[PDB]
Amino acid sequence: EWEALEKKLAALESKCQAXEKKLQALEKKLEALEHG
Amino acid sequence: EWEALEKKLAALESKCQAXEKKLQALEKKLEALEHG
Amino acid sequence: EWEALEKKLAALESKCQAXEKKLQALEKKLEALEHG
Ligand SMILES: [Zn+2]
Ligand SMILES: [Zn+2]
Ligand SMILES: [Zn+2]
């Protein structure tokens with residue numbers, strides 16, 4: 001339905017937001033290795 | 001259209017799902033280096 | 001609104017597209033370490 005699609009979009013926004021945070025966390029560990 | 005937007009949302013859901021799997025795969029390789 | 005949801009979806013598509021590019025960039029650095 002329309003309301004189901006709104007909630008689906010909001011959940012996907014939260015998933016990309018967690019995506020960015022997880023990538024930053026991994027970048028931090030990689031950069032420690034790259035300059036260590 | 002409405003139907004085009006539904007399919008766009010479903011494709012984006014699949015893209016984030018592949019996102020998570022690719023990040024996990026890279027985390028596995030990084031963790032091997034970090035503790036190796 | 002409907003138009004707000006269309007723009008929200010387009011912004012999320014751009015965010016996953018940047019997601020993929022950032023993951024590839026990190027994979028490149030990780031692969032340098034893994035075979036270095
Ligand atoms: Zn660096
Ligand atoms: Zn570790
Ligand atoms: Zn490799």
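All ligand and atom numbering here is 1-based and tracks the order in the structure. What you see below is based on every heavy atom in this structure, not just the backbone, and it leaves out hydrogens, waters and symmetry mates. In what follows, chains carry the letters A, B, and so on, assigned in the order in which the sequence lines appear, proteins first and then strands, with residues in each chain numbered from 1.
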d(B/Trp2 CH2, C/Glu6 CD) to nearest 0.5 Å is 10.5 Å

Note on the Zn ion (ligand 1): protein N/O/S atoms within less than 2.8 Å are A/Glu31 OE1, A/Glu34 OE2, A/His35 NE2

Between the CD atom in A/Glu27 and the CD atom in A/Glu20, the distance rounded to the nearest 0.5 Å is 10.0 Å

Here the gap from A/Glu13 atom CD to B/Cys16 atom SG, rounded to the nearest 0.5 Å, amounts to 10.5 Å

When rounded to the nearest 0.5 Å, the distance separating CG of A/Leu33 from CG of C/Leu33 is 6.0 Å

In this structure, CG of A/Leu9 is separated from CG of C/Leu12 (nearest 0.5 Å) by 6.0 Å

By side chain to side chain contact (heavy atoms under 4.5 Å, CB included), B/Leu30 pairs with (sequence neighbours left out) A/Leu26, A/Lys29, A/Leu30, B/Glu34, C/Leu30

